[PDB]
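# Summary of the model geometry
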Amino acid sequence: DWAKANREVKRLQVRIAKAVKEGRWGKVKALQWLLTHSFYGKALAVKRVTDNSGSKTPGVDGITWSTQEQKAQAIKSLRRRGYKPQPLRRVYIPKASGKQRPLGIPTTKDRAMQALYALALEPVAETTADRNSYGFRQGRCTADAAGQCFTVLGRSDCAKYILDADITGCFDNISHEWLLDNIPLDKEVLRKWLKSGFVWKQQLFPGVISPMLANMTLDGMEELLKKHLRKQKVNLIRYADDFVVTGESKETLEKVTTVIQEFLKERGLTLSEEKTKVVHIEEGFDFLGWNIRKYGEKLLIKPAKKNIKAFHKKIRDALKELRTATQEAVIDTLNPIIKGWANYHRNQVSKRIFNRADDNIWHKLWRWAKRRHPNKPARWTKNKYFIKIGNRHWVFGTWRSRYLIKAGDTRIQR
DNA sequence: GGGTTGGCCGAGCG
Ligand SMILES: [Mg+2]
Ligand SMILES: [Mg+2]
Ligand SMILES: [Mg+2]
């Protein structure tokens, strides 16, 4: 039925957005009550559950057998009324970057209701989000946060004083009172969630419904910092919980800290005292892995050297891991890592930083090709592993021709 | 503030 079930859902989303663009919150709550009680909404709910690797909960259920789809949506045809939330399965996922990050595992019926009210919340949250909120929206990458940082902080387009701040509180530490105050919902179901734990209390508020909440909480900031009526002094650029606010002093940025601490005070949120520091460009703040400075009246969004270190930690871990593997496995595992840290910044000033990265992975590969043969000469390992393909010699890759793809060769789009 | 290439000294024993 999926030839249609995206379409009518999305048309109803469009109508909910048209309702929010005039006043008509009656129309909003009506069409949310309707899209919550559509067949197509429930079918989209069970697809967006089932295609996210469903596993064991306390209220255990299945994905497959292809009637549990149709009978599950036929069950929650009734289930808005006696819809009870059950708790989550507090179970880790054991990551390898240094922790075991928790992920509270909720019931698949609860996840179907999270997908239903998620696609009810979305068109209201598109039109009620800030014009410069770049976190987790539709059609917005982290790179357009840097593009907004460019047109905001270009030639004289600010005046050189920037707070870099960040939010305290681990989980949805928002006061549940305030969540029931103003989020466009049917507040029985929202009340039922927020009593029932609903997200295992090690969240970071950046379980797909929780970012919609964390966006809707943090969208008064732009119109509240429109209180400062200066030319380009205060601009807010925000990725989901990282924002930097411009200025031209350290005291008018103390006005902005007072405003923002009043704004977060209405919730359970605060700017800290430790992280939140005003800093004069050109000295520089690190924004989403990108360092912003001026370097004497340029901008130079460089990828910061706490992004470079995490990248070389990824490659160092791969080549300590494939320490005695095949060469073609080392090609096949290093190649997506380098291509991923390539296309994530193929837009800004990264070319020289790409060459220093390719130097650095070359010496990692030379200790690769030289550790592996313990008593053979260096011309032997060189012509064994590194094979000339163009003008250049020292291309890591043998045979056609399969070889590592250089991060230096990624052709930056201005 | 985008492009392109370099790096490799040999030998014996285990
Ligand atoms: Mg250099
Ligand atoms: Mg021996
Ligand atoms: Mg022996």
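Reference entry: report on the structure contained in this document. (Residues numbered from 1 in each chain as written, not as in the entry; some residues may be left out. Chains lettered and ligands numbered in written order. Heavy atoms only, no water.)

### Topic: the pairing of strand β4 (residues 236-239)
Of the two faces of β4, the one holding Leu 236 and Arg 238 and the one holding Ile 237 and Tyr 239 are both buried throughout. Here β4 runs beside strand β5 (residues 242-245); their pairing, made up of four bridges, is antiparallel. For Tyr 239, the partnering residue across the bridge sits in β5 and is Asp 242. (Buried < 20%, exposed > 50% of the residue type's maximum accessible area, 1.4 Å probe, protein only. Helix = DSSP H or I, 4+ residues; strand = E, 2+ residues; numbered from the N terminus. Pairing = 2+ DSSP bridges.)

### Quick notes on the protein's contact with DNA strand B
Near DNA strand B lie 23 residues; those nearest to it are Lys 298, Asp 359, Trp 362, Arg 379 and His 393. In DNA strand B, atoms within 4 Å of the protein come 57% from sugar and phosphate. Within the side chain of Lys 298, one N or O atom sits 2.9 Å away from a phosphate oxygen of DNA strand B. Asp 359 places a polar side-chain atom, nitrogen or oxygen, 2.6 Å from a base nitrogen of DNA strand B. Sorting the residues of the surface near DNA strand B by element identifies α14 (351-371) and α15 (378-385) as the ones contributing at least two each. Of the residues in the surface near DNA strand B, the class split is eight nonpolar, six polar and nine charged. (Near = heavy atom within 4 Å. Polar contact = N/O pair within 3.5 Å; in protein donor to acceptor, adjacent residues only side chain to side chain. Nonpolar A, V, L, I, M, F, W, Y, C, P; charged D, E, K, R; others polar.)

### A word on the nonpolar core
Formed by 46 residues in total, the largest nonpolar core has its most connected members in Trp 193, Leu 225, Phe 243 and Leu 264. Listing elements by their share of this core, those giving two or more residues are α3 (39-50), α5 (108-127), β3 (162-166), α7 (176-181), α8 (187-195), α9 (210-217), β5 and α11 (252-265). At eight residues, the largest contribution of residues to this core is made by α5. Each of domain 1 (2-139 + 168-213) and domain 2 (162-167 + 224-302) gives at least three residues to this core. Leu 264 has contacts with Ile 167, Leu 218, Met 221, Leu 269, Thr 270 and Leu 271, leaving out every residue within four places of it along the chain. Counting residues in hydrophobic clusters, the runner-up holds 25 residues, among them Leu 322, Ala 325, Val 330 and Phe 396. (Core = buried A, V, L, I, M, F, W, Y, C linked by side-chain atoms within 4.5 Å. Domains from an automatic or database assignment. Contact = heavy atoms within 4.5 Å.)

### Some remarks on the packing of aromatic side chains
Under the defined criterion, the tally for this structure stands at 15 aromatic pairs. An aromatic cluster of three or more residues is present, and its members are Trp 362, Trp 366, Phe 386, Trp 394 and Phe 396. Positioned over the ring face of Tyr 295 is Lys 302, at 4.6 Å from the centre of the ring. One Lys or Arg, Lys 376, reaches over the ring of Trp 380 and ends 4.8 Å from the middle of that ring. (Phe/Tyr/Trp six-rings, centres within 6.5 Å; stacked < 30°, edge-to-face > 60°. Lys NZ or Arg CZ within 6 Å of the ring centre and 35° of its normal.)

### With respect to the pattern of salt bridges
Taken as a whole and assessed by the stated rule, the structure comprises ten salt bridges. Residue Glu 188 is joined to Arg 80 by a salt bridge in which the shortest nitrogen-to-oxygen separation is 2.9 Å. Pair noted here: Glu 188 is in helix α8 and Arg 80 is in the loop between α4 (68-78) and β1 (89-93), with a separation of 108 residues, a long-range link. Relative accessible area serves as the criterion here: at 16%, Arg 80 is assigned to the buried category. As a salt-bridge pair, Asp 332 and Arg 402 come within 2.5 Å of each other at their nearest N and O atoms. In this structure, a network of salt bridges that share partners links the residues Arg 80, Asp 186 and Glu 188. (Salt bridge = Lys/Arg side-chain N within 4 Å of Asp/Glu carboxyl O.)

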